[PDB]
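One structure is given below, encoded as structure tokens.
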């Protein structure tokens with residue numbers, strides 16, 4: 070089997086991407102944030118505290134003939150940005166882009182933090198990291214990809230995120246028309262439950278490539294590119310007036326700037342992030358200070374190849390017995 074679904078930016082900055090997902094019978098379509106940095110499929114629901122719902126579409130298990138309470142199971146998750154959610158669990162039928170999983174754990178939110186409430190466009194998350202990170206207790210549950218895997222033509226999914234445009238998540242096949250040149254594959258460590266890999270270096274603009282190992286995670290659920298302070302300082306030093314602002318929470322730059330590209334290494338291959346992808350616009354409405362799309366990972370504890378990096382590539386998440394990651398230009 071295969072699936073193919075379009076993913077759409079939630080706003081003009083590509084802060085996140087939503088993908089329609091069919092849950093239950095008859096189908097209830099929710100727009101979920103596909104997140105390769107976590108492993109829970111959770112939704113706003115009829116059980117979510119009413120004051121914490123503001124415009125989201127909810128899953129109502131009582132209206133699904135295929136929903137079953139997973140008795141005794143609860144979940145609770147906290148994300149890198151400080152947001153969180155928690156609740157109980159149903160199993161139900163879940164379909165993405167024509168690919169159907171029966172008996173998928175659908176984690177129903179009883180509580181969500183402010184960031185989720187305030188984002189009316191995201192109806193929940195669909196985790197695509199390794200199932201070892203799944204938070205369901207006392208019986209850990211599998212991700213949608215893990216459940217689908219054996220039925221897929223090939224045990225892979227691909228992320229093809231757009232810059233200020235829709236893109237695609239495919240399951241079970243590699244669309245050879247969606248990228249240019251060849252795909253370069255690189256080793257993955259699953260030790261921390263992430264799609265963790267080691268970049269071979271970087272360049273700033275038209276500068277020379279610096280060969281250096283940068284361990285980090287491919288994370289579709291993180292907006293920005295978070296890299297070591299050394300690398301990030303080297304990037305922003307090429308932008309007149311750029312500075313790190315503790316008051317704002319990272320590097321800012323004059324909105325009048327033309328940003329240089331940033332290149333990262335995948336083996337002997339190179340992925341170029343155009344300068345425009347690194348512009349996250351005014352820090353507040355009407356400001357002439359703009360927020361940078363490359364930020365320091367210092368104090369996160371991990372480097373994160375978030376959407377800024379991933380949207381510059383066609384990315385293969387190969388979930389074969391020995392998983393790997395592939396990157397192609399596009």
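In mature numbering (1 follows the signal peptide of the UniProt record, and there is no 0), the protein residues as written are 70 to 399.
C-beta: ideal position from N, C-alpha, C; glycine also.
| Item | Value |
| --- | --- |
| Which term fits residue 224, buried or exposed, when burial requires 16 or more other beta carbons within 10 angstroms of its beta carbon? | buried |
| State the Cα-Cα distance for the pair residue 113 and residue 230, rounded to the nearest angstrom. | 24 Å |
| Evaluate the contact criterion for the region 182-194 versus the region 155-167: three or more CB pairs, one atom per stretch, below 8 Å. | no |
| According to DSSP, residue 369 sits in a beta bridge with which residue or residues? | Looking at the DSSP assignment, residue 369 forms no beta bridge with any residue, so it has no partner. |
| Alpha carbon to alpha carbon, what distance is there between residue 323 and residue 26? | Outside the displayed range of the chain (70 to 399) lies residue 26, so it cannot be described from this structure. |
| Quick check: the Cα distance between residue 104 and residue 394, rounded to an integer number of angstroms? | 15 Å |
| Closer than 6 Å by C-beta to residue 292: which residues in its own chain qualify, once you throw out the five before and the five after it? Chain order, please. | 84, 375, 376 |
| Quick check on residue 150: does DSSP put it in helix, strand or coil? | coil |
| The alpha helix (DSSP H) that contains residue 299, what's its start and end? | 298-305 |
| Determine, for residue 234, whether the minimum Cβ-Cβ distance to residues of chain C falls below 7 Å. | Protein chain content of the structure displayed is limited to a single chain, and chain C is not contained in it. |
| Between which two residues does the beta strand (DSSP E) holding residue 379 run? | Counting along the chain, residue 379 falls outside any beta strand (DSSP E), though it belongs to the alpha helix (DSSP H) covering 376-379. |
| Give the single residue among 289, 364, 333, 350 whose Cα lies nearest to the Cα of residue 302. | 364 |
| Does DSSP put residue 216 in a helix, in a strand, or in coil? | helix |
| Would you mind giving the Cβ-Cβ distance between residue 238 and residue 74, rounded to the nearest angstrom? I have them listed as a contact below 8 Å. | 5 Å |
| If the criterion is Cβ atoms closer than 7 Å, does the pair residue 212 and residue 200 meet it? | yes |
| Name the one or two DSSP bridge partners that residue 257 has. | Answer is none; residue 257 lacks a bridge partner. |
| Give a yes or no on whether the C-beta atoms belonging to residue 344 and residue 329 are separated by under 7 Å. | yes |
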